[PDB]
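What follows is a short report on a single structure.
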Amino acid sequence: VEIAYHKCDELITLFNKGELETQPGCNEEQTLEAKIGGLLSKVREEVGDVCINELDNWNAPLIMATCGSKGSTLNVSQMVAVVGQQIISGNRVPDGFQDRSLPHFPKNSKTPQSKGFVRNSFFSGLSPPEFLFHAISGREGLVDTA
Amino acid sequence: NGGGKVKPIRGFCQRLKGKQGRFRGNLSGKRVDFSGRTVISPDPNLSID
Amino acid sequence: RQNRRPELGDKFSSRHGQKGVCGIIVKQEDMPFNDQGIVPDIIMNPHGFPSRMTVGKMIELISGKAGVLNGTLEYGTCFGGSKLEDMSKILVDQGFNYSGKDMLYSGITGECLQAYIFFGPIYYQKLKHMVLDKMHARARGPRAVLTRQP
Amino acid sequence: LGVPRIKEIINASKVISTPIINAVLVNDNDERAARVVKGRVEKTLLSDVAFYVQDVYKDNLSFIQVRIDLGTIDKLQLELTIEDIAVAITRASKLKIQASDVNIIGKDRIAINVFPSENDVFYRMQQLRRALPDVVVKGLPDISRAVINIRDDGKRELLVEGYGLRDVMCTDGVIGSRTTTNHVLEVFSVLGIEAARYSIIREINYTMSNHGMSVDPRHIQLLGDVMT
Amino acid sequence: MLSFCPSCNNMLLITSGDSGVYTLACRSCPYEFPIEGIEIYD
Amino acid sequence: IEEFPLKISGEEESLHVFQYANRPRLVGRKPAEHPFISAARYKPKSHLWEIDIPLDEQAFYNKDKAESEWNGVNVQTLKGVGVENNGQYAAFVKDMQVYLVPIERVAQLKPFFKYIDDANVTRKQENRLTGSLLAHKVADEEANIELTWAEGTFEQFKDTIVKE
Amino acid sequence: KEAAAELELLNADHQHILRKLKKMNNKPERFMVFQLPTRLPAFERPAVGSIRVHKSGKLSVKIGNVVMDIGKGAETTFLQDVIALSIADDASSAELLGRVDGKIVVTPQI
Amino acid sequence: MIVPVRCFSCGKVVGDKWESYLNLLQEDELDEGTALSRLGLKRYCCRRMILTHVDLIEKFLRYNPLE
Amino acid sequence: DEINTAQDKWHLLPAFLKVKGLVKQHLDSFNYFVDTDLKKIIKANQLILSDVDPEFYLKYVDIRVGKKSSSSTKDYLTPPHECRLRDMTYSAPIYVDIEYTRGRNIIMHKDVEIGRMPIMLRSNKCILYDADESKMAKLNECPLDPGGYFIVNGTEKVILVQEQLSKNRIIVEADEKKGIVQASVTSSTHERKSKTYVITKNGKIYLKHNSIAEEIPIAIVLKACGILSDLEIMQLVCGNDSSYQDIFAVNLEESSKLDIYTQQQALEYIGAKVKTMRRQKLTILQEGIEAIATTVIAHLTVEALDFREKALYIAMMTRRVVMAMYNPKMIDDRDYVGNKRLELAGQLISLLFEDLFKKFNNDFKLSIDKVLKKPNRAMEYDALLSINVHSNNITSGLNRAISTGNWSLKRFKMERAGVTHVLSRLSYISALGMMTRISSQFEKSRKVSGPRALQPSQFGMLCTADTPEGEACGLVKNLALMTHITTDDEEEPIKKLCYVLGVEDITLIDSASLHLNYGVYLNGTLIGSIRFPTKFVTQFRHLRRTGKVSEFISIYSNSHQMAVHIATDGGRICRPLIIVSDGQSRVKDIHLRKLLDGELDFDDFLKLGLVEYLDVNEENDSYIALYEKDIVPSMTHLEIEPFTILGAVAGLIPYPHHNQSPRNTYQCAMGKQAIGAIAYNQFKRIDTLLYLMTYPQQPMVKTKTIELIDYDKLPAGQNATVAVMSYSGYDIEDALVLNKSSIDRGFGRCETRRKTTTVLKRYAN
Ligand SMILES: [Zn+2]
Ligand SMILES: [Zn+2]
C-alpha cells in the first residue's frame, strides 16, 4: 500500500506545480484520475494474490472460495488482505462538500483515503472516513438494482 | 354531490383498463383456486422432482 | 393468547445480518458436544460468512466466549470496543483455544470431527413471520361478487 | 452498453444516445490521410478557424470583417483557401443571414455590408456578430465529433458520432463497402431491411455478450426476424 | 459595439443616421457621436 | 501611544449626503470634477429630491432630439429615494483635531426623465391602499417645494468650535 | 495562505488612512465619513474619545471606560462620488458643503 | 421473567442458584467470575444464564392488582 | 484514578442525553407550541366582528391548556394508559378568555373551553411528565416508554418527522436542453408561493411567475425593480470582466428595442401583462397598476417600501444562472442536507390548528349573525354560550386529522397524507424506531435517481445504517444519536448586530460589489458585503460560542462562490462536538472530573465555551478530526465520539466496523422486528397484535450505544450457544438447524396476544 502512496503522490504533486504526460484521455486532471484508479486496482488485486497464495492450506475462505462455491478470491482478498477504492457511479466518490469529501480532510486533498478508499481490512476494522465510504458503494448497488 | 372534491369519480373505462384492472390483472391474470403458500426449508434426503 | 413453540420454518436472525429459517430439528444426542459435555444449541451453516463477507459476528463469538468465562459482559462498539488480541489471553489460560475453534465429536458416529470447529455464545433474536400465521391453503373458497373468482 | 441500449434497439426509435458510426479507413496510417478525412468530416471548425472577429464603421460603411489562421489548416489538413469558406458562409447563411457580396483583400478577410422598426443596421449587426462565429464551414452538419482509433495493434481507424451513414459512406477517402453503425432504423433508410436485420442480431448478440451469459444466436436471429 | 453612455448613462447603440453616417446615439437620452470611429475588439 | 482628539457634534439642522451613479473619479491628475447648479427639491416622509444639472450644446447634444418631442435643453433630471440608518457619520479634520457629525437620511441619486412624462402627455389624450403604494400615492399628493441652494463655511467651523 | 495577507491589509490601511488622513489637516471643504456602532458604547451620558496609531502601525482608538474600539479599511466606494449636503431651515434649504474623499468603519474588537 | 430451571444445552438445573447467586454477590461483595465458579458452574453454557437473564418479574410486579 | 483524555469524552454523550433527552424532537416542538404559538395564532386573529350593529366585538386575550388558574397542572384529567383501554382520546381541554359586547356597560370576560387538545405523552402538560416510578405504578404505565406519541380513539399513533425542501431559499438546476432553471420558493404566514425563473431561448431569459401572465425580460423587471441605470445592471449581475460580459449583454439588448424608465411606464409593461384583480379593486389600474406586484409578486422575503433590496436580491439571483450558463457544474444539486430542512410536529399541529381555529371564527361569526339579524327587544343575548354548540370543528376535526392523516389546509390549499402512523410495538427497539424516523415526501416521480442515494455530507447527522424498502412514494431515514433540530430563533437582533460589527447597508454600497470581498447573506438575502471577511467570521463565531445568539444562527465562509452566510432559519439539523483552540481541545481533562461529579452536566459547556452545535454548512466550512490522538493546529473541532454516527437502531450491531454495510442495513431493517419484552406494563395493556418472549436475555456483548437506550433492561432475544458447522444436510443457504431437548427446555419460546373488540351499541329503536 505504501508503494502506491508515493507513486500516485508523485503524480499528483507534480501535476499542480508542473505538467506531466497526459494519456489519451482528452483533457487533463482525468489523467491522474485514470492513473490513480488503475494503480490502486492493480495494488489491491496484487495484495490479494499474496493473500490467496501464501495463505495456509486447509482453511475455509480457501477451500470454498478458492475452489468450490461461495465467494471468490477477490472476496477473501477483501477480508484478510485489504479493501480498496469504494467506487460509486464508476469512479471515486464525488464531492458532496466543497473541495473535500468529508469534514475530516483538509482542502485540496487528492491523496487516497480522501475519496472512497480504504487501507484497512474488514478484520483490522475501519476508520470513520472509510466506513462512511463503504456505506455508499454497496448502497449505490442496492438502488441500482431497486 | 358531496363537493369535498372527490377525485376518482371515474367508474367504468378504467375498471376495464389499466394497471391491475379488469382486462389484464384480472382476466389474463386470474387469481386461482386449489393453492397454498408457505415458507420453505431444505430437505436433502428427499429426492429430486 | 397462545405460546408458540419455535416450530420448523421460523425466521431467526443473528442480529448481525444473517436472516434464516430453522431446518430439521435434531434431537439431543445428535450434533457435536466435546469435552465439557455441552451441546451446541443453534448450529449454523458456515458458507454464509465468506460470500456475505461479515467478520464482525465471527469476532462477536470470540468476545462472547471470553465474556462468560471472566463473568463479565464484554463490550464492543463502532470504532472501538474490547481489543481482540487480549481476548485470547483470557481464554488460553482457562483452557480454550487462543482462537475460537475447538474440537467436537459428531453425535452420530462418536469419533473426533476431522476438522476444528468454532463456537461460543451468540445472540440470536427471533422474529415475526412465525410460520403458523403464514401457511395458507384453499379447496374452493368464497368468490368476490363482481368477478366471481377467488 | 447497459440494458437500456437493448431498450432502444428492441424499441427501435428514431433518436438514440451515442449513435456511433464505425468506418474502416482506406489504409493504415496515423498521419495525413488518416487525419485528412477526419478534417473532411468534422462538425464545423469555424470558431476554431475564427481567429478573431472584427466590426468597424466608416460613415455609412457597415463591416463584418474577420481573419483566420492558415497555420491551423496546416495543423489539421483541410481543403480551403478562402473563397471556399466565403461562399460557404452565404450557403449556410440560409439559416439566418441573406445572400450578398463578400470579399477578401488577402490572408483571410471577409467583407459583409448590410443595410435596410429602425436601428435595423444595429439589430441585424448584433445577431451577425453573435451567431456568425458558429455556423458550419466544412463538415457534415449532423455529426458532432470524430476520433481516430487503434485496431488491435496494426490497424488504426476512425469512429464518428453522427446520424449520416450515407454522406459519410459517400465521403471521399473512406472505403464505403464496409461501414457499420448502430440505431438500426437509419440503416433501414440506406441499406434497408435485410441489412438492418442482419445488423440488429449482430448488435444484440454483441452488447449481450458483454454483460455476460449467452443467449445463442438461435433466439436472437428470431427476434431480429419477427422484428423485420 | 456595446459601449457606455456618458452623462445619460443608459446604453449605446448604432443608429440609422441622417445624411447617412449613422452617427451613434444614446437612445432615450440626448447624446451624439463624432463618427470617424476607431472600433477594435477580438 | 499618543492621542489624536475627536469629539461629537450636535444636531445643527441635520446633514444628509448624496452619492450618485453618474460620474466616478477622473482617471487624470485630479480625479474630481464636481457637479453644478443644484436646483433641487424635497418633500416630507419620502424625500425624492429632484436633482438638476444643465447640458452642454457642444457635447454632441442634438437639439433635434430636444426639438423632436421632449425639450432637453432643460436641466438634467436626477432623483431617488433615500434612507437613514444609525452610526453613519461625516467628519472633517480641523487642524490637529477632527470633528464628527451625524448624517441621517442618505439617498442614492438616479438620473431619469420627465421627458417620458412628455411621452405620456401625447399618450393619455389621443379601503385597500396599504403598502408601498399607500406610500407612493401619498408621496405624489404631498410632493411640492422650491429649495434654494447655498455654499460656504460658517458655523461648520464655528458651531463645532463653540460646542466642544 | 489567507489571514497573513488579510491581516497585512490592516496595516496597509493604517498607511492608507494615515496619509490621506493627515492630508486633511488643512481646512478646505473635504469630508471623510465614518461608521460607529449604535447605543454609543462609551460609559454614560453625564451631561469624547480619541485616536492613535500605536508603534509599528497599530490602531488605538478609545471612547469611554477607555473602551478599545478599533476598525480600519473600508468598503470601496470609488465610482460613487459622494457629496455632503445640508438642510437650511426647512425651506431655503441645500447648502452644499464638503463632498467626500475617505471612508472607514469602526468595530469593537474582541 | 424468572431464571430458567435448566440451561438450554447442558440440562444442569440453574433454577436454584440464581437466588444464592445474587445473595452471594450483594452480601459478601465479590467479583462475578470468581462468584459463579465457587457457586458450582464450570461449564459455560450452564453459566451464561446466571450471568445473562435480567430478571423482569420484579419490574412486572409493580402492576399487580392490589397495589 | 486519573481519567484518560482519550475516552473520557465518552462521559459526555450520556450527560448530553441525560438531561436533554433522546427523543426531544417531538417533545420540544410540542412544548414550544402549547406554551407559545397559541399565544401567537390568537394574537393574529383576536377580533371577530360582523358587518352589523356597529357596536360589537369579540376580543380574545389568553390561551391555556388544562390550567384554568387553579393549580399548575390540571386538577384532574384522565390517566393515559387507562385512557388507552376505553378507546378514548387522551386530551387536555383548551381554555380561552374573551371580551364581549352584550349590553350597556359590559365588556366582560370569563375563562372558557372552546374544546379539547390531544396532547402528547410525556409533554409538559401530560400527567406522566416528571413522575418517578411511583406515579408510574399508580398510573399503571411504563417507565421506559420514551413517549412523544399521541393517543387518539384508543389507538396509538405518531406524527412522523416530515422532511421538506428548503423554503425561502435560492436553488439553481441545469439540464439537458432547458437552460438552467433557477427557483426561489418563499413562504411565511399567508400565501405560500413559488417563483420560477429561467431562460426561454438563446440568451433571452425571462421570469415565469404564474401570478403574471407569461414572462418578462429580466432587464425590464430589474429596471422596474428600481435600479434604473441600465448598463449598471451589467456591472451588477454580470461582474467586471471574466467571460460574463458578453453572455448577459445579449439579454440586455431586447430591453433597449422596447421600453424603459420605471418612473412610469416600465412598471406599466408589467401590470399590462398581469392578470386581473377579479373585478373590484381593479381601481388600481395605474402606472402603480403593478407596483403591488413588484414588492409582492412571490417574494414575501423582502417586500418593504422602497425597492433597492428586492431589486438587488433578484439581481444577485440572476447572477447565479448566467454563472451556470457559462459552465455546467458550479451549481446546486438538491441533495446534501443543508439544502433540505426537516420539520417536527411543532409547526405541523399549529398550521393545522390555525386553520381549524380560523374556520371556527369565520363560522362563529355567521352564527353570531343569525341572532343579530331579526330584532327582538333590544338584541343583546349573552352571545357567548354559542361557542359550545359551535365548537369541536376545533376538536373532533382535529382528532380526525391526527388519527387519519388527511390534512386539508384551505389557507394554503395544500394537502398532504400518510403523515402519521400506528406506532408499531413489536420490540422496545421499535418503540423508538417509529419514533425518530425521517419521512421524506414529494420526490416528484421516482425516475430520478438523484433524491435517493446516501450523500457523504450525511456524516454523523443521520443514521447511515438503514434505508429500508418501504420507499414507494417516499424515502425513510433516521436521525443520529446526537442531533438537535434547531428551532426558529429570531431575525432583527442578528441583523442590527451584523451592522454593529461594521457591515455596511446595501444602500451605501458602491453598486459595484462582486469584486469586493464576498457579501453577507442572511437567510439568502444580501446585506453588506463587509470589508475583511475572515476576521468578521472569527469575531462573530467568537460571540456565538459565548455571549449571545446561541445554538443555531450558524455561519460559514465560502470561496468559489463569494459569500459569507448567516443563517437564522429554524427546522434545521445541528450536532454537538468539541472546539480545539490551538493544538489541544478546550476540555483540559480536569473539566470531566468537574463533570461526572454532577455539579456541571450539559448545556453548561456553551456558557463555558467548550462545545457548540455546528451545521452541515458550517462544518463543511470547518475542519474536524476523529481522535484527539491525531491533531494539527490547523484544526477547529474534533468529534466527541465516532460511533454517534450509527442510529439508535444501528447502535445494536456489535463491531459494525468489521462488516459490509448492506448487512447493517438489513439489520436496521430487522431488529425492529425482533420479538421482545415490550415494556414493563406489558401484561396489563391490551393491544391489537402483540408478541413477546418467555425468557429474554441480555445480548452477551453490549455496545456503549445499547446501555444508553436501556436496551438491556428490555432485551429481545435468546442467547444461544452455537456451533458453526455443516451438519445434517439440512442447512444450505442461511437455513439454521435447531436443537430438540433444548427448544423444549425453554429456548426461544414465544407468546402472542390478540385483542377482539366488540362494541355494543344502542339503536334508535
Ligand atoms: Zn444618452
Ligand atoms: Zn449448561
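Chain labels A, B, ... are given in the sequence in which chains occur in the C-alpha cells; within each chain residues are numbered consecutively from 1, and ligands are likewise numbered from 1 in the order shown.
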- What lies within 10 Å of residue 498 in chain I using only C-alpha atoms, ignoring chain neighbours under 4 positions off, as a PyMOL selection string? chain I and resi 492-494+502-505+520+522+527-528+530+536+540+566
Do you know which residues are within 8 Å of ligand 1 using only C-alpha atoms and all ligand atoms? Can you write them as a PyMOL selection string?
-> chain E and resi 5-12+25-31
Next on the checklist: Report, in Å to a single decimal, how far apart CA of residue 83 in chain D and CA of residue 48 in chain D are.
Outcome noted: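 For CA of residue 48 in chain D relative to CA of residue 83 in chain D, the distance reads 17.8 Å.
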Taking only C-alpha atoms and all ligand atoms into account, report as an mmCIF file with N, CA, C and O atoms, in the first residue's frame which residues have an atom no farther than 9 Å from an atom of ligand 2.
data_model
loop_
_atom_site.group_PDB
_atom_site.id
_atom_site.type_symbol
_atom_site.label_atom_id
_atom_site.label_comp_id
_atom_site.auth_asym_id
_atom_site.auth_seq_id
_atom_site.Cartn_x
_atom_site.Cartn_y
_atom_site.Cartn_z
ATOM 1 N N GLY C 37 -19.100 -31.475 27.722
ATOM 2 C CA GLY C 37 -20.394 -32.098 27.598
ATOM 3 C C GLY C 37 -21.441 -31.220 26.969
ATOM 4 O O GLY C 37 -22.517 -31.716 26.623
ATOM 5 N N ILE C 38 -21.149 -29.935 26.785
ATOM 6 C CA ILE C 38 -22.143 -29.013 26.271
ATOM 7 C C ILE C 38 -22.540 -29.414 24.862
ATOM 8 O O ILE C 38 -21.758 -30.009 24.122
ATOM 9 N N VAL C 39 -23.776 -29.116 24.502
ATOM 10 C CA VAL C 39 -24.266 -29.384 23.160
ATOM 11 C C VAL C 39 -24.579 -28.057 22.497
ATOM 12 O O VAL C 39 -25.433 -27.312 22.980
ATOM 13 N N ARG H 6 -33.401 -24.924 33.815
ATOM 14 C CA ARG H 6 -32.200 -25.582 33.320
ATOM 15 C C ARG H 6 -31.633 -24.751 32.190
ATOM 16 O O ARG H 6 -32.348 -23.960 31.573
ATOM 17 N N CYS H 7 -30.357 -24.952 31.889
ATOM 18 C CA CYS H 7 -29.821 -24.197 30.776
ATOM 19 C C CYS H 7 -30.428 -24.714 29.479
ATOM 20 O O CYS H 7 -31.300 -25.583 29.473
ATOM 21 N N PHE H 8 -29.989 -24.149 28.370
ATOM 22 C CA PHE H 8 -30.591 -24.545 27.106
ATOM 23 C C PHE H 8 -29.762 -25.605 26.399
ATOM 24 O O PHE H 8 -30.082 -26.046 25.303
ATOM 25 N N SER H 9 -28.683 -26.030 27.038
ATOM 26 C CA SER H 9 -27.825 -27.033 26.434
ATOM 27 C C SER H 9 -27.528 -28.172 27.398
ATOM 28 O O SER H 9 -28.004 -29.291 27.196
ATOM 29 N N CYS H 10 -26.762 -27.892 28.451
ATOM 30 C CA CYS H 10 -26.428 -28.904 29.443
ATOM 31 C C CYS H 10 -27.668 -29.599 29.970
ATOM 32 O O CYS H 10 -27.934 -30.750 29.620
ATOM 33 N N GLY H 11 -28.463 -28.886 30.756
ATOM 34 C CA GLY H 11 -29.566 -29.508 31.452
ATOM 35 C C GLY H 11 -29.305 -29.613 32.932
ATOM 36 O O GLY H 11 -30.089 -30.206 33.675
ATOM 37 N N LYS H 12 -28.181 -29.065 33.371
ATOM 38 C CA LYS H 12 -27.987 -28.837 34.788
ATOM 39 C C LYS H 12 -29.021 -27.832 35.260
ATOM 40 O O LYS H 12 -29.399 -26.917 34.527
ATOM 41 N N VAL H 13 -29.506 -28.010 36.485
ATOM 42 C CA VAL H 13 -30.557 -27.120 36.956
ATOM 43 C C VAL H 13 -29.934 -25.812 37.411
ATOM 44 O O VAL H 13 -29.131 -25.773 38.349
ATOM 45 N N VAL H 14 -30.282 -24.730 36.723
ATOM 46 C CA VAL H 14 -29.882 -23.401 37.137
ATOM 47 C C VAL H 14 -30.951 -22.710 37.976
ATOM 48 O O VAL H 14 -30.639 -21.737 38.671
ATOM 49 N N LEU H 41 -20.735 -23.733 38.851
ATOM 50 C CA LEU H 41 -20.946 -23.923 37.419
ATOM 51 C C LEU H 41 -19.614 -23.763 36.701
ATOM 52 O O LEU H 41 -19.139 -22.638 36.517
ATOM 53 N N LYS H 42 -19.014 -24.875 36.283
ATOM 54 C CA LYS H 42 -17.827 -24.802 35.443
ATOM 55 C C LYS H 42 -18.140 -24.679 33.963
ATOM 56 O O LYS H 42 -17.482 -23.902 33.268
ATOM 57 N N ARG H 43 -19.113 -25.428 33.461
ATOM 58 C CA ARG H 43 -19.473 -25.350 32.056
ATOM 59 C C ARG H 43 -20.119 -24.007 31.775
ATOM 60 O O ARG H 43 -20.915 -23.499 32.562
ATOM 61 N N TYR H 44 -19.755 -23.416 30.645
ATOM 62 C CA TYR H 44 -20.128 -22.026 30.450
ATOM 63 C C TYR H 44 -21.556 -21.848 29.974
ATOM 64 O O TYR H 44 -22.165 -20.821 30.275
ATOM 65 N N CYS H 45 -22.114 -22.798 29.232
ATOM 66 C CA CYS H 45 -23.495 -22.607 28.817
ATOM 67 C C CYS H 45 -24.444 -22.742 29.985
ATOM 68 O O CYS H 45 -25.449 -22.033 30.032
ATOM 69 N N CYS H 46 -24.171 -23.650 30.914
ATOM 70 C CA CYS H 46 -24.825 -23.576 32.207
ATOM 71 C C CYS H 46 -24.675 -22.206 32.847
ATOM 72 O O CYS H 46 -25.620 -21.725 33.474
ATOM 73 N N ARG H 47 -23.530 -21.557 32.661
ATOM 74 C CA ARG H 47 -23.198 -20.337 33.379
ATOM 75 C C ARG H 47 -23.860 -19.091 32.817
ATOM 76 O O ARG H 47 -24.269 -18.214 33.595
ATOM 77 N N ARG H 48 -23.953 -18.983 31.493
ATOM 78 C CA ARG H 48 -24.458 -17.762 30.883
ATOM 79 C C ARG H 48 -25.749 -17.310 31.539
ATOM 80 O O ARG H 48 -25.909 -16.127 31.855
ATOM 81 N N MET H 49 -26.651 -18.241 31.821
ATOM 82 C CA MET H 49 -27.993 -17.840 32.208
ATOM 83 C C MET H 49 -28.008 -17.188 33.577
ATOM 84 O O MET H 49 -28.710 -16.194 33.788
#
Separating CA of residue 6 in chain I from CA of residue 646 in chain I, to the nearest tenth of an Å, is a gap of 20.4 Å
Self-check item: Nearest-residue call for residue 94 in chain A, choices I:718, I:671, I:320, I:456, using only C-alpha atoms
Solution: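 For residue 94 in chain A, the nearest of the given residues is I:456.
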Show me, as a VMD selection string, the residues that have an atom within 12 Å of residue 59 in chain A when counting only C-alpha atoms, minus same-chain residues fewer than 3 positions from it. (chain A and resid 52 55 to 56 62 to 67 76) or (chain C and resid 46 50 115 to 117)
**Prompt:** Please, which residues of chain G lie no more than 8 Å from chain F when the count uses only C-alpha atoms, and can they be set out as an NGL selection string?
**Reply:** :G and (24-27 or 30-38 or 48-55 or 60 or 78-89 or 91-97)
Mind dumping the selected residues with N, CA and C atoms as a compact mmCIF listing (two decimals), in the first residue's frame?
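See result_37.txt below for the written result:
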# COMPACT_ATOMS: atom_id res chain seq x y z
N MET G 24 -5.81 65.80 5.30
CA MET G 24 -6.98 66.60 5.63
C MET G 24 -6.69 67.59 6.75
N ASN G 25 -5.43 67.63 7.20
CA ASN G 25 -5.04 68.51 8.29
C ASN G 25 -5.45 69.96 8.02
N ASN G 26 -5.48 70.35 6.75
CA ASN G 26 -5.92 71.68 6.36
C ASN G 26 -7.42 71.84 6.55
N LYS G 27 -7.97 72.99 6.17
CA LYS G 27 -9.40 73.26 6.29
C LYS G 27 -10.00 73.68 4.95
N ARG G 30 -13.56 69.22 2.63
CA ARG G 30 -13.33 67.82 2.33
C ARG G 30 -13.79 67.03 3.54
N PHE G 31 -14.62 66.02 3.32
CA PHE G 31 -15.20 65.27 4.42
C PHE G 31 -14.89 63.79 4.28
N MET G 32 -14.35 63.23 5.36
CA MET G 32 -14.19 61.78 5.48
C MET G 32 -15.33 61.32 6.37
N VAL G 33 -15.89 60.15 6.05
CA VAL G 33 -17.09 59.69 6.75
C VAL G 33 -16.80 58.37 7.45
N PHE G 34 -17.37 58.21 8.64
CA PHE G 34 -17.15 57.03 9.46
C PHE G 34 -18.45 56.26 9.62
N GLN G 35 -18.34 55.13 10.31
CA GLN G 35 -19.49 54.40 10.82
C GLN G 35 -19.17 53.96 12.23
N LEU G 36 -20.06 54.27 13.17
CA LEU G 36 -19.85 53.83 14.53
C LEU G 36 -21.00 52.94 14.98
N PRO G 37 -20.73 51.94 15.80
CA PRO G 37 -21.81 51.14 16.37
C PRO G 37 -22.77 52.01 17.16
N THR G 38 -24.02 51.57 17.19
CA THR G 38 -25.06 52.33 17.87
C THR G 38 -24.93 52.17 19.37
N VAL G 48 -15.30 63.57 23.60
CA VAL G 48 -15.36 62.13 23.82
C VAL G 48 -13.99 61.49 23.59
N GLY G 49 -13.96 60.33 22.94
CA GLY G 49 -12.74 59.56 22.76
C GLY G 49 -11.75 60.20 21.82
N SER G 50 -10.69 59.46 21.51
CA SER G 50 -9.64 59.94 20.62
C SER G 50 -8.98 58.77 19.91
N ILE G 51 -7.99 59.10 19.08
CA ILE G 51 -7.41 58.19 18.10
C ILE G 51 -5.90 58.15 18.30
N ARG G 52 -5.29 57.02 17.94
CA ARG G 52 -3.85 56.90 17.83
C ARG G 52 -3.54 55.74 16.90
N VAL G 53 -2.35 55.78 16.30
CA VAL G 53 -1.74 54.61 15.67
C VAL G 53 -0.54 54.23 16.52
N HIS G 54 -0.65 53.13 17.25
CA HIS G 54 0.43 52.78 18.17
C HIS G 54 1.64 52.30 17.37
N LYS G 55 2.74 52.05 18.07
CA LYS G 55 4.00 51.80 17.40
C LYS G 55 3.92 50.52 16.57
N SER G 60 -5.06 52.42 18.11
CA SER G 60 -5.65 52.50 19.44
C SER G 60 -6.64 53.66 19.43
N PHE G 78 -15.23 54.30 -4.58
CA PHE G 78 -14.78 54.58 -5.94
C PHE G 78 -15.86 55.28 -6.75
N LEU G 79 -16.40 54.56 -7.74
CA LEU G 79 -17.27 55.14 -8.77
C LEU G 79 -18.30 56.10 -8.19
N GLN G 80 -18.86 55.80 -7.02
CA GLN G 80 -19.74 56.74 -6.36
C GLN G 80 -18.91 57.92 -5.90
N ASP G 81 -19.23 59.11 -6.40
CA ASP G 81 -18.59 60.33 -5.90
C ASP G 81 -19.61 61.02 -5.01
N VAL G 82 -19.24 61.20 -3.75
CA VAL G 82 -20.19 61.44 -2.69
C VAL G 82 -20.07 62.88 -2.20
N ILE G 83 -21.21 63.52 -1.95
CA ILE G 83 -21.27 64.95 -1.65
C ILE G 83 -22.13 65.15 -0.41
N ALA G 84 -21.65 65.97 0.51
CA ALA G 84 -22.31 66.22 1.79
C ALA G 84 -23.19 67.46 1.67
N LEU G 85 -24.45 67.32 2.04
CA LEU G 85 -25.43 68.39 1.94
C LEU G 85 -25.90 68.88 3.31
N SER G 86 -26.68 69.95 3.31
CA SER G 86 -27.33 70.44 4.50
C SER G 86 -28.73 70.99 4.27
N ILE G 87 -29.63 70.69 5.21
CA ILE G 87 -30.97 71.26 5.23
C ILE G 87 -30.80 72.61 5.92
N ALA G 88 -31.10 73.69 5.20
CA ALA G 88 -31.08 75.02 5.80
C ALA G 88 -32.53 75.44 6.07
N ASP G 89 -32.89 75.39 7.36
CA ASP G 89 -34.15 75.89 7.91
C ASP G 89 -35.34 75.55 7.01
N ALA G 91 -37.51 75.25 4.28
CA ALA G 91 -37.41 75.95 3.00
C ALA G 91 -36.15 76.81 2.96
N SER G 92 -35.71 77.12 1.74
CA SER G 92 -34.44 77.82 1.52
C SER G 92 -33.33 76.89 1.99
N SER G 93 -33.48 75.61 1.69
CA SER G 93 -32.52 74.57 2.03
C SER G 93 -31.34 74.40 1.10
N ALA G 94 -30.61 73.30 1.28
CA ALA G 94 -29.50 72.89 0.42
C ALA G 94 -28.31 73.85 0.33
N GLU G 95 -27.56 73.89 1.43
CA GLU G 95 -26.19 74.38 1.41
C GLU G 95 -25.30 73.15 1.21
N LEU G 96 -24.56 73.14 0.11
CA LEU G 96 -23.62 72.06 -0.17
C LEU G 96 -22.31 72.33 0.56
N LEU G 97 -21.65 71.26 1.02
CA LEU G 97 -20.50 71.52 1.88
C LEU G 97 -19.16 70.96 1.41
| Contact residues around residue 2 in chain G with only C-alpha atoms at 12 Å, ignoring same-chain residues under 3 positions, as a PyMOL selection string | (chain G and resi 5-9) or (chain I and resi 532-535+559)
Inset, instruction - Considering only C-alpha atoms, return as a list in words whatever protein or nucleic-acid residues lie within 10 Å of residue 71 in chain F, sequence-local ones (same chain, fewer than 4 positions apart) excluded. - result: residues 63, 64, 65, 66, 67, 75, 114, 115 and 118 of chain F
Show me, as an mmCIF file with C-alpha atoms, in the first residue's frame, every residue of chain H with an atom at most 6 Å from chain I, counting only C-alpha atoms.
data_model
loop_
_atom_site.group_PDB
_atom_site.id
_atom_site.type_symbol
_atom_site.label_atom_id
_atom_site.label_comp_id
_atom_site.auth_asym_id
_atom_site.auth_seq_id
_atom_site.Cartn_x
_atom_site.Cartn_y
_atom_site.Cartn_z
ATOM 1 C CA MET H 1 -39.049 -13.345 33.507
ATOM 2 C CA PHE H 8 -30.591 -24.545 27.106
ATOM 3 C CA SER H 9 -27.825 -27.033 26.434
ATOM 4 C CA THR H 52 -27.274 -13.312 31.486
ATOM 5 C CA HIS H 53 -31.027 -13.099 32.134
ATOM 6 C CA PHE H 60 -43.601 -6.752 36.318
ATOM 7 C CA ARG H 62 -45.280 -3.116 40.243
#
Check your understanding: Which neighbours of range 22-33 of chain H fall inside 10 Å, counting only C-alpha atoms, when residues of the same chain fewer than 3 positions from it are skipped, and could you give them as an MDAnalysis selection string?
Key -> (chainID C and resid 67:73) or (chainID H and resid 17:19 36:39 47 50:51)
Exercise for review: Write out as a ChimeraX atom specification every residue belonging to chain B that has an atom at most 12 Å from any atom of chain C, counting only C-alpha atoms.
Suggested key: /B:15-16,21-23,25-27,29-45
Residue subset to file, keeping C-alpha atoms, as a compact mmCIF listing (two decimals), in the first residue's frame:
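Heads up, here's the output in part.txt:
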# COMPACT_ATOMS: atom_id res chain seq x y z
CA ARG B 15 -62.15 -0.65 -14.21
CA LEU B 16 -61.87 -2.25 -17.64
CA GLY B 21 -57.64 -3.60 -13.56
CA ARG B 22 -60.08 -5.96 -15.19
CA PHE B 23 -58.68 -6.79 -18.55
CA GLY B 25 -54.62 -8.17 -13.91
CA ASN B 26 -58.00 -9.92 -13.66
CA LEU B 27 -58.96 -11.74 -16.85
CA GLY B 29 -54.12 -12.64 -14.51
CA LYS B 30 -56.86 -14.74 -12.97
CA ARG B 31 -56.49 -15.44 -9.28
CA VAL B 32 -56.73 -19.17 -8.88
CA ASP B 33 -58.09 -21.98 -6.69
CA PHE B 34 -56.59 -25.13 -5.17
CA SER B 35 -53.41 -23.48 -3.99
CA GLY B 36 -51.24 -22.86 -0.97
CA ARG B 37 -48.47 -20.60 0.20
CA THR B 38 -45.79 -21.31 2.78
CA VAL B 39 -42.25 -20.65 3.91
CA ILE B 40 -39.69 -23.13 2.57
CA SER B 41 -36.96 -25.26 4.14
CA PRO B 42 -34.28 -27.54 2.69
CA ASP B 43 -34.68 -31.28 2.50
CA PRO B 44 -31.67 -33.09 1.02
CA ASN B 45 -32.90 -36.58 1.91
